[PDB]
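> Input structure: run.tsv, which contains TSV, C-alpha atoms.
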chain	number	residue	atom	x	y	z
A	36	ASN	CA	-23.57	6.54	8.17
A	37	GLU	CA	-25.13	4.41	10.96
A	38	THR	CA	-27.89	2.03	9.79
A	39	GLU	CA	-31.05	1.56	11.91
A	40	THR	CA	-29.99	-2.10	12.47
A	41	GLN	CA	-26.65	-0.86	13.86
A	42	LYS	CA	-28.45	1.76	16.01
A	43	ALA	CA	-30.78	-0.94	17.40
A	44	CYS	CA	-27.84	-3.23	18.28
A	45	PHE	CA	-26.03	-0.36	20.08
A	46	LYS	CA	-29.29	0.65	21.79
A	47	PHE	CA	-29.84	-2.90	23.14
A	48	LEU	CA	-26.18	-2.98	24.30
A	49	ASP	CA	-26.89	0.13	26.42
A	50	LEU	CA	-30.11	-1.38	27.77
A	51	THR	CA	-28.66	-4.82	28.53
A	52	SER	CA	-25.09	-3.98	29.73
A	53	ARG	CA	-24.47	-1.24	32.25
A	54	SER	CA	-20.72	-2.03	32.32
A	55	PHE	CA	-19.64	-3.42	28.95
A	56	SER	CA	-21.57	-0.94	26.81
A	57	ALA	CA	-18.98	1.74	27.58
A	58	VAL	CA	-15.86	-0.30	26.86
A	59	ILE	CA	-17.31	-2.00	23.77
A	60	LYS	CA	-18.23	1.36	22.26
A	61	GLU	CA	-14.62	2.56	22.53
A	62	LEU	CA	-13.39	-0.44	20.53
A	63	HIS	CA	-11.45	0.05	17.31
A	64	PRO	CA	-13.89	0.00	14.35
A	65	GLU	CA	-12.49	-3.32	13.07
A	66	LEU	CA	-14.09	-5.05	16.09
A	67	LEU	CA	-16.70	-2.57	17.35
A	68	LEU	CA	-19.65	-4.13	15.55
A	69	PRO	CA	-18.35	-7.74	15.78
A	70	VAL	CA	-17.93	-7.57	19.57
A	71	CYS	CA	-21.27	-5.75	19.84
A	72	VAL	CA	-22.90	-8.62	17.90
A	73	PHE	CA	-21.03	-11.20	20.00
A	74	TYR	CA	-22.37	-9.55	23.16
A	75	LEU	CA	-26.01	-9.40	22.02
A	76	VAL	CA	-26.00	-13.01	20.75
A	77	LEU	CA	-24.78	-14.28	24.12
A	78	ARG	CA	-27.20	-11.90	25.86
A	79	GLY	CA	-30.06	-13.32	23.79
A	80	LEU	CA	-28.91	-16.83	24.67
A	81	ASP	CA	-28.96	-15.82	28.33
A	82	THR	CA	-32.40	-14.21	28.16
A	83	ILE	CA	-33.78	-17.55	26.99
A	84	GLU	CA	-31.84	-19.62	29.50
A	85	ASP	CA	-32.81	-17.54	32.57
A	86	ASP	CA	-36.57	-17.54	31.89
A	87	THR	CA	-38.12	-20.26	34.04
A	88	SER	CA	-41.47	-19.69	32.32
A	89	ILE	CA	-40.09	-21.33	29.14
A	90	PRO	CA	-40.57	-25.08	29.67
A	91	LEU	CA	-37.57	-27.29	29.10
A	92	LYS	CA	-39.18	-28.94	26.06
A	93	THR	CA	-39.20	-25.58	24.27
A	94	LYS	CA	-36.08	-24.11	25.89
A	95	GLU	CA	-33.56	-26.91	25.40
A	96	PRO	CA	-33.85	-26.96	21.56
A	97	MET	CA	-33.66	-23.15	21.46
A	98	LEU	CA	-30.34	-23.28	23.34
A	99	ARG	CA	-28.81	-26.08	21.27
A	100	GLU	CA	-30.01	-24.65	17.92
A	101	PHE	CA	-29.41	-20.94	18.58
A	102	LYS	CA	-26.23	-20.93	16.49
A	103	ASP	CA	-28.41	-21.92	13.49
A	104	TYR	CA	-30.96	-19.19	14.16
A	105	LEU	CA	-28.27	-16.57	13.51
A	106	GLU	CA	-28.64	-17.36	9.78
A	107	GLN	CA	-32.44	-16.91	9.67
A	108	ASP	CA	-33.41	-13.43	8.43
A	109	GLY	CA	-36.01	-11.77	10.61
A	110	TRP	CA	-35.79	-14.35	13.40
A	111	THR	CA	-37.83	-13.18	16.40
A	112	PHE	CA	-39.04	-14.69	19.66
A	113	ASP	CA	-41.91	-13.50	21.87
A	114	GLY	CA	-42.09	-16.45	24.25
A	115	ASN	CA	-40.39	-14.82	27.24
A	116	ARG	CA	-42.52	-14.14	30.30
A	117	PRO	CA	-43.81	-10.56	29.83
A	118	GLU	CA	-41.70	-9.29	32.78
A	119	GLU	CA	-38.30	-10.69	31.67
A	120	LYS	CA	-36.02	-7.67	31.71
A	121	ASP	CA	-34.27	-8.15	28.35
A	122	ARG	CA	-37.18	-9.81	26.48
A	123	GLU	CA	-37.34	-7.10	23.81
A	124	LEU	CA	-33.85	-7.99	22.57
A	125	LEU	CA	-35.28	-11.32	21.39
A	126	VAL	CA	-38.49	-9.74	20.12
A	127	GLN	CA	-36.33	-7.44	17.98
A	128	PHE	CA	-33.50	-9.93	17.36
A	129	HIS	CA	-33.70	-9.42	13.58
A	130	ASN	CA	-31.32	-6.45	14.00
A	131	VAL	CA	-28.72	-8.81	15.46
A	132	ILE	CA	-29.27	-11.32	12.65
A	133	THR	CA	-28.70	-8.57	10.09
A	134	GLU	CA	-25.50	-7.32	11.72
A	135	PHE	CA	-24.27	-10.87	12.34
A	136	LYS	CA	-24.57	-11.67	8.63
A	137	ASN	CA	-22.84	-8.37	7.74
A	138	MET	CA	-19.68	-9.44	9.63
A	139	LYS	CA	-16.56	-10.72	7.91
A	140	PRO	CA	-16.87	-14.51	7.54
A	141	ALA	CA	-14.01	-15.14	9.97
A	142	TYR	CA	-15.91	-13.23	12.66
A	143	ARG	CA	-19.18	-15.05	11.88
A	144	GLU	CA	-17.49	-18.42	12.29
A	145	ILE	CA	-16.06	-17.45	15.71
A	146	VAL	CA	-19.38	-16.06	17.02
A	147	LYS	CA	-21.37	-19.02	15.70
A	148	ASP	CA	-18.96	-21.55	17.14
A	149	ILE	CA	-19.09	-19.95	20.62
A	150	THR	CA	-22.90	-19.61	20.42
A	151	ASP	CA	-22.95	-23.32	19.61
A	152	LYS	CA	-20.61	-24.43	22.40
A	153	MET	CA	-22.32	-22.18	24.96
A	154	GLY	CA	-25.90	-22.87	23.92
A	155	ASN	CA	-25.26	-26.57	24.37
A	156	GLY	CA	-23.51	-26.17	27.72
A	157	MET	CA	-26.44	-24.09	28.93
A	158	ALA	CA	-28.86	-26.72	27.62
A	159	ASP	CA	-27.02	-29.55	29.41
A	160	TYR	CA	-27.23	-27.47	32.64
A	161	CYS	CA	-30.94	-26.55	32.39
A	162	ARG	CA	-31.57	-30.29	31.78
A	163	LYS	CA	-29.60	-31.49	34.83
A	164	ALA	CA	-31.29	-28.88	37.04
A	165	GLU	CA	-34.76	-30.13	36.00
A	166	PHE	CA	-33.98	-33.75	36.99
A	167	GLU	CA	-30.97	-33.70	39.37
A	168	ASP	CA	-29.56	-31.33	42.05
A	169	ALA	CA	-27.09	-29.47	39.78
A	170	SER	CA	-25.54	-27.99	42.97
A	171	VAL	CA	-21.86	-27.09	42.61
A	172	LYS	CA	-20.16	-29.74	44.71
A	173	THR	CA	-16.52	-29.69	43.63
A	174	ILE	CA	-13.99	-27.07	42.65
A	175	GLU	CA	-13.79	-28.87	39.30
A	176	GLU	CA	-17.53	-28.32	38.67
A	177	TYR	CA	-17.12	-24.65	39.76
A	178	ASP	CA	-14.37	-24.13	37.15
A	179	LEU	CA	-16.46	-25.92	34.47
A	180	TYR	CA	-19.51	-23.68	35.00
A	181	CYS	CA	-17.21	-20.65	34.70
A	182	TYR	CA	-15.59	-22.06	31.50
A	183	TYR	CA	-18.99	-22.58	29.81
A	184	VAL	CA	-19.80	-18.94	30.56
A	185	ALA	CA	-16.81	-16.56	30.98
A	186	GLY	CA	-14.25	-19.00	29.53
A	187	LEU	CA	-16.06	-19.26	26.18
A	188	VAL	CA	-16.59	-15.45	26.14
A	189	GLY	CA	-12.81	-15.14	26.59
A	190	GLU	CA	-12.22	-17.76	23.93
A	191	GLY	CA	-14.36	-15.88	21.44
A	192	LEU	CA	-12.93	-12.46	22.24
A	193	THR	CA	-9.41	-13.85	21.92
A	194	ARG	CA	-10.17	-15.45	18.55
A	195	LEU	CA	-11.58	-12.12	17.35
A	196	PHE	CA	-8.49	-10.26	18.66
A	197	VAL	CA	-6.03	-12.61	16.97
A	198	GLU	CA	-7.96	-12.70	13.69
A	199	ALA	CA	-7.85	-8.90	13.54
A	200	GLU	CA	-4.15	-9.02	14.58
A	201	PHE	CA	-4.84	-7.04	17.76
A	202	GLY	CA	-3.35	-9.85	19.85
A	203	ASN	CA	-0.36	-12.14	19.58
A	204	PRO	CA	-1.24	-15.53	18.02
A	205	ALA	CA	0.38	-17.24	21.00
A	206	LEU	CA	-2.75	-16.24	22.94
A	207	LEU	CA	-4.57	-19.01	21.07
A	208	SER	CA	-2.08	-21.80	21.73
A	209	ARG	CA	-2.15	-21.18	25.51
A	210	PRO	CA	-5.87	-21.38	26.22
A	211	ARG	CA	-5.39	-21.22	29.99
A	212	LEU	CA	-4.72	-17.49	29.55
A	213	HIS	CA	-8.13	-16.50	28.20
A	214	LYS	CA	-9.65	-19.02	30.61
A	215	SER	CA	-7.99	-17.29	33.55
A	216	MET	CA	-9.10	-13.91	32.17
A	217	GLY	CA	-12.69	-15.14	32.14
A	218	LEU	CA	-12.65	-17.06	35.39
A	219	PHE	CA	-11.05	-14.14	37.27
A	220	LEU	CA	-14.04	-11.95	36.34
A	221	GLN	CA	-16.79	-14.51	36.87
A	222	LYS	CA	-15.37	-15.86	40.12
A	223	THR	CA	-15.07	-12.30	41.52
A	224	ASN	CA	-18.72	-11.69	40.62
A	225	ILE	CA	-19.68	-15.03	42.13
A	226	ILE	CA	-17.84	-14.14	45.35
A	227	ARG	CA	-19.26	-10.65	45.67
A	228	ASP	CA	-22.84	-11.60	44.68
A	229	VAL	CA	-23.10	-14.61	47.04
A	230	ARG	CA	-25.86	-13.12	49.21
A	231	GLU	CA	-28.20	-11.87	46.48
A	232	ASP	CA	-27.55	-15.07	44.50
A	233	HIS	CA	-28.55	-17.02	47.61
A	234	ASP	CA	-31.73	-14.95	47.97
A	235	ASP	CA	-32.63	-16.05	44.41
A	236	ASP	CA	-31.92	-19.73	45.15
A	237	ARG	CA	-28.75	-19.60	43.04
A	238	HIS	CA	-25.65	-21.24	44.53
A	239	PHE	CA	-22.28	-21.37	42.78
A	240	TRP	CA	-19.80	-21.78	45.62
A	241	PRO	CA	-18.42	-25.35	45.51
A	242	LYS	CA	-19.23	-27.55	48.50
A	243	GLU	CA	-15.65	-28.82	48.46
A	244	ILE	CA	-14.76	-25.36	49.83
A	245	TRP	CA	-17.71	-24.20	51.91
A	246	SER	CA	-18.36	-27.53	53.62
A	247	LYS	CA	-15.03	-27.06	55.43
A	248	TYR	CA	-16.50	-23.97	57.13
A	249	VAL	CA	-20.25	-24.58	57.58
A	250	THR	CA	-22.63	-27.53	57.74
A	251	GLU	CA	-25.23	-26.04	55.38
A	252	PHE	CA	-24.59	-23.29	52.84
A	253	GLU	CA	-27.26	-21.06	54.36
A	254	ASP	CA	-25.29	-21.05	57.63
A	255	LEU	CA	-22.83	-18.67	55.93
A	256	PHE	CA	-25.36	-15.84	56.32
A	257	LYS	CA	-26.17	-16.17	60.04
A	258	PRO	CA	-24.37	-13.58	62.24
A	259	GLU	CA	-23.29	-16.39	64.64
A	260	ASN	CA	-21.04	-17.83	61.91
A	261	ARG	CA	-19.57	-14.57	60.62
A	262	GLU	CA	-16.05	-15.61	61.54
A	263	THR	CA	-16.13	-18.96	59.77
A	264	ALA	CA	-17.97	-17.23	56.90
A	265	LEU	CA	-15.04	-14.84	56.50
A	266	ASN	CA	-12.65	-17.79	56.38
A	267	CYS	CA	-14.79	-19.35	53.67
A	268	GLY	CA	-14.81	-16.22	51.52
A	269	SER	CA	-11.08	-16.07	52.12
A	270	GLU	CA	-10.53	-19.44	50.47
A	271	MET	CA	-12.86	-18.35	47.64
A	272	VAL	CA	-10.73	-15.23	47.17
A	273	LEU	CA	-7.60	-17.39	47.26
A	274	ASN	CA	-9.05	-19.60	44.54
A	275	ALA	CA	-9.80	-16.55	42.35
A	276	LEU	CA	-6.36	-14.98	42.93
A	277	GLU	CA	-4.70	-18.08	41.46
A	278	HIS	CA	-5.75	-16.78	38.01
A	279	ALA	CA	-4.30	-13.27	38.43
A	280	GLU	CA	-0.80	-13.88	37.08
A	281	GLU	CA	-2.18	-15.55	33.97
A	282	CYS	CA	-4.49	-12.58	33.43
A	283	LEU	CA	-1.32	-10.45	33.31
A	284	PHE	CA	0.37	-12.81	30.82
A	285	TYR	CA	-2.71	-12.44	28.64
A	286	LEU	CA	-2.81	-8.64	28.79
A	287	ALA	CA	0.88	-8.65	27.74
A	288	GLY	CA	-0.10	-10.27	24.45
A	289	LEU	CA	-2.50	-7.50	23.40
A	290	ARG	CA	-1.23	-5.22	20.64
A	291	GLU	CA	-3.96	-2.59	20.12
A	292	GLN	CA	-4.89	0.08	22.62
A	293	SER	CA	-8.70	-0.09	22.57
A	294	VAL	CA	-8.51	-3.86	22.92
A	295	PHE	CA	-6.09	-3.46	25.82
A	296	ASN	CA	-8.48	-1.03	27.50
A	297	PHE	CA	-11.45	-3.32	26.90
A	298	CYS	CA	-9.59	-6.22	28.54
A	299	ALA	CA	-7.71	-4.37	31.29
A	300	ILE	CA	-10.54	-2.33	32.82
A	301	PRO	CA	-12.63	-5.33	34.03
A	302	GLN	CA	-9.53	-7.11	35.35
A	303	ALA	CA	-8.53	-4.09	37.45
A	304	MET	CA	-12.11	-3.73	38.67
A	305	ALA	CA	-12.06	-7.42	39.60
A	306	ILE	CA	-8.92	-7.40	41.75
A	307	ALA	CA	-10.11	-4.20	43.48
A	308	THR	CA	-13.46	-5.89	44.19
A	309	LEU	CA	-11.68	-8.99	45.51
A	310	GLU	CA	-9.58	-6.81	47.83
A	311	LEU	CA	-12.74	-5.09	49.10
A	312	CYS	CA	-14.47	-8.45	49.72
A	313	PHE	CA	-11.46	-10.09	51.39
A	314	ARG	CA	-12.12	-10.47	55.15
A	315	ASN	CA	-15.08	-8.11	54.77
A	316	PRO	CA	-18.19	-9.27	56.68
A	317	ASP	CA	-20.47	-6.92	54.73
A	318	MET	CA	-20.16	-9.28	51.75
A	319	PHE	CA	-22.55	-11.70	53.44
A	320	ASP	CA	-25.18	-9.08	54.37
A	321	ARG	CA	-25.54	-7.08	51.15
A	322	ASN	CA	-23.98	-6.26	47.80
A	323	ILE	CA	-20.76	-4.22	48.20
A	324	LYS	CA	-18.90	-2.22	45.56
A	325	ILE	CA	-15.73	-0.12	45.46
A	326	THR	CA	-16.09	3.62	46.01
A	327	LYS	CA	-16.60	6.08	43.16
A	328	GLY	CA	-13.23	7.78	43.69
A	329	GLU	CA	-11.48	4.40	43.61
A	330	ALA	CA	-13.30	3.36	40.43
A	331	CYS	CA	-12.30	6.65	38.75
A	332	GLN	CA	-8.59	6.16	39.55
A	333	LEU	CA	-8.84	2.56	38.29
A	334	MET	CA	-10.30	3.68	34.93
A	335	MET	CA	-7.27	5.93	34.42
A	336	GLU	CA	-4.86	3.17	35.55
A	337	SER	CA	-6.45	0.59	33.18
A	338	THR	CA	-6.45	2.77	30.05
A	339	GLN	CA	-2.69	3.39	29.66
A	340	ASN	CA	-0.06	0.59	29.38
A	341	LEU	CA	0.72	-2.85	30.94
A	342	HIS	CA	3.22	-1.27	33.37
A	343	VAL	CA	0.55	1.00	34.94
A	344	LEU	CA	-2.00	-1.84	35.07
A	345	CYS	CA	0.54	-4.20	36.71
A	346	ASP	CA	1.36	-1.48	39.30
A	347	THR	CA	-2.39	-1.32	40.12
A	348	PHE	CA	-2.43	-5.14	40.41
A	349	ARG	CA	0.64	-5.04	42.63
A	350	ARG	CA	-1.03	-2.41	44.81
A	351	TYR	CA	-4.13	-4.55	45.44
A	352	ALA	CA	-2.09	-7.73	45.90
A	353	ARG	CA	-0.20	-5.88	48.67
A	354	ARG	CA	-3.41	-4.69	50.34
A	355	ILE	CA	-4.81	-8.23	50.40
A	356	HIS	CA	-1.42	-9.44	51.66
A	357	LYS	CA	-1.66	-6.94	54.55
A	358	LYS	CA	-5.24	-7.79	55.54
A	359	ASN	CA	-4.24	-11.47	55.66
A	360	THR	CA	-4.19	-12.63	59.31
A	361	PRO	CA	-2.73	-15.75	61.01
A	362	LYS	CA	-6.09	-16.74	62.52
A	363	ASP	CA	-7.31	-17.39	58.97
A	364	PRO	CA	-6.80	-21.08	58.07
A	365	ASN	CA	-5.88	-19.86	54.55
A	366	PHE	CA	-3.15	-17.56	55.91
A	367	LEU	CA	-0.08	-19.18	54.38
A	368	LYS	CA	-1.66	-19.79	50.97
A	369	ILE	CA	-3.06	-16.25	50.66
A	370	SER	CA	0.31	-14.70	51.40
A	371	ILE	CA	2.11	-17.07	49.02
A	372	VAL	CA	-0.18	-16.26	46.08
A	373	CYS	CA	0.11	-12.50	46.82
A	374	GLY	CA	3.90	-12.83	47.00
A	375	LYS	CA	3.98	-14.62	43.65
A	376	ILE	CA	2.00	-11.82	42.02
A	377	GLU	CA	4.09	-9.04	43.57
A	378	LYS	CA	7.39	-10.77	42.76
A	379	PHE	CA	6.32	-11.44	39.21
A	380	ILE	CA	5.37	-7.78	38.70
A	381	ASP	CA	8.67	-6.73	40.27
A	382	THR	CA	10.48	-8.96	37.76
A	383	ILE	CA	8.62	-7.55	34.73
A	384	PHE	CA	8.75	-3.95	35.98
A	385	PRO	CA	11.30	-3.17	38.74
Could you take the file, read its structure, and then write that structure out as structure tokens?

Amino acid sequence: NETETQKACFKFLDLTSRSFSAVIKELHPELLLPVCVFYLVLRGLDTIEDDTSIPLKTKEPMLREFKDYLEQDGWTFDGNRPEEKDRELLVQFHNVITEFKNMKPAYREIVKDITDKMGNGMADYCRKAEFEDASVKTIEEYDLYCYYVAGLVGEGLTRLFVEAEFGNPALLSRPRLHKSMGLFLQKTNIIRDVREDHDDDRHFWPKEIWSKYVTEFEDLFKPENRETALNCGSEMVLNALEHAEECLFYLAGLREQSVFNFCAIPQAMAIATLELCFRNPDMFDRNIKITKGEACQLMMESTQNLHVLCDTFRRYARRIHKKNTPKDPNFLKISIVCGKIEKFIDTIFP
């Protein structure tokens, strides 16, 4: 029998996550509510962090202390600007508190730890931004931002999977795997969203990459520089593709079907989106997405076994490989990373 607290949590998942609501709801019942809680806690954290109407003096303690708020029955927060999209999740956060405290203790420790590590990373960032530039300047900084977001989400999910025995324990002693899983998704989003992020004064592309192609970041969007813009996105795609093999190692450690589906679907969507963005000038003019018929095929190819998913990965590695052109200054490196992926899949599954 579903409680009203449970119904509220599932409702807010649907209102706050177009994509993940569907996969999360298919999860095995051992992790359905825990991952749902995990999602809403991080979503609540993000609703606070994104709201520029909350002054730093109020916001920074909320982010650092949020892990402790999960223990406070009936916790609520009405300080978001009235137009913040997800504000009502925090207004009604007491449903999340209830379901958090209903979780097995092992799950509560995982969620609270990640809330703690992420809240504090977010706080350190919001602080820097208020006083310094906080512009991503190096590839190292790029990877760190992604770790404090997607990497910690992957850490938490992995710890939940292993605790419930839905994933091989070795997934915890090789943390680059869940990091690559997370960074593959976030970097693909960062690549594809570059224009709309730029039109909201958000910039995540590291200068160590784009300054080799343009003088100022905004130059990427002028039609005069479309060719050098494509070369820039090409190196960004190259950088994301370097995670792809490790994403496959990770998927090979998953031992329960609904967990496999939950992890495989976004990864397949990511490589397909990277192949669409590669050498595609539209990426700089608008927000592009793979076609409906492609997305449908991918859902079927991601909800079976590792062999089928790897074949899908090999298919998109080959397409990128074929688009790759010698005029691109990243030509050799793109084809080498695609070859590594294809040859690795051929070795696992001739």
> Hey, can you check how far atom CA of residue A:108 sits from atom CA of residue A:198?
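Separation between atom CA of residue A:108 and atom CA of residue A:198: 26.0 Å.
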> Show me, as AutoDock Vina command-line options, the centre and edge lengths in Å to one decimal of the axis-aligned box that covers every listed atom of stretch 72-81 of chain A with 8 Å on each side.

--center_x -25.5 --center_y -12.7 --center_z 23.1 --size_x 25.0 --size_y 24.2 --size_z 26.4
> Find the residues near residue A:297: any atom within 9 Å, counting only C-alpha atoms, skip ones fewer than 5 places away on the same chain, and give them as a PyMOL selection string.
chain A and resi 55+58-59+61-62+292+337-338
> Write out as a PyMOL selection string each polymer residue whose atoms come within 9 Å of residue A:364, counting only C-alpha atoms; drop sequence neighbours fewer than 5 positions from it.
chain A and resi 266+269-270
> What is the atom CA of residue A:83 to atom CA of residue A:99 distance in Å?
11.4 Å
> Can you work out the spacing between atom CA of residue A:78 and atom CA of residue A:49 in Å, to one decimal?
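Between atom CA of residue A:78 and atom CA of residue A:49 the gap works out to 12.0 Å.
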> Near residue A:64, counting all atoms listed in the file, which residues have an atom at most 12 Å away, once you skip same-chain residues fewer than 3 positions from it, shown as a list in words?
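Answer for this query is residues 59, 60, 61, 67, 68, 69, 70, 71, 199, 201, 291, 293 and 294 of chain A.
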> Neighbours of residue A:377 within 9 Å (all atoms listed in the file; same-chain residues fewer than 4 positions away dropped), as a count of residues only?
9
> Have a look at A:157, A:286, A:105, A:267 and name the one nearest to residue A:144; count all atoms listed in the file.
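Of A:157, A:286, A:105, A:267, the one nearest residue A:144 is A:105, counting all atoms listed in the file.
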> When distances are computed from all atoms listed in the file, which of A:125, A:66, A:303, A:218 shows the smallest separation from residue A:347?
A:303
> So, counting all atoms listed in the file, which residue among A:176, A:281, A:253, A:106 is closest to residue A:206?
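Using all atoms listed in the file, residue A:206 sits closest to A:281.
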> My list of candidates is A:365, A:296, A:221, A:133. Which is closest to residue A:265 when distances are computed with only C-alpha atoms?
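Closest residue, counting only C-alpha atoms: A:365.
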> Nearest residue to residue A:203 out of A:236, A:284, A:385, A:73, using only C-alpha atoms?
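Closest to residue A:203 of all the choices is A:284.
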> When distances are computed from all atoms listed in the file, which of A:210, A:204, A:301, A:316 shows the smallest separation from residue A:264?
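Counting all atoms listed in the file, the residue closest to residue A:264 is A:316.
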> Using all atoms listed in the file, find each residue in stretch 241-345 of chain A having at least one atom no more than 10 Å away from stretch 180-194 of chain A; report its shortest atom-to-atom pair and that distance in Å (one decimal), rows by chain then rising number, as a tab-separated table.

residue	atom	partner	partner_atom	distance
A:285	CA	A:193	CA	9.6
A:289	CA	A:193	CA	9.5
A:294	CA	A:192	CA	9.7
A:298	CA	A:192	CA	9.5
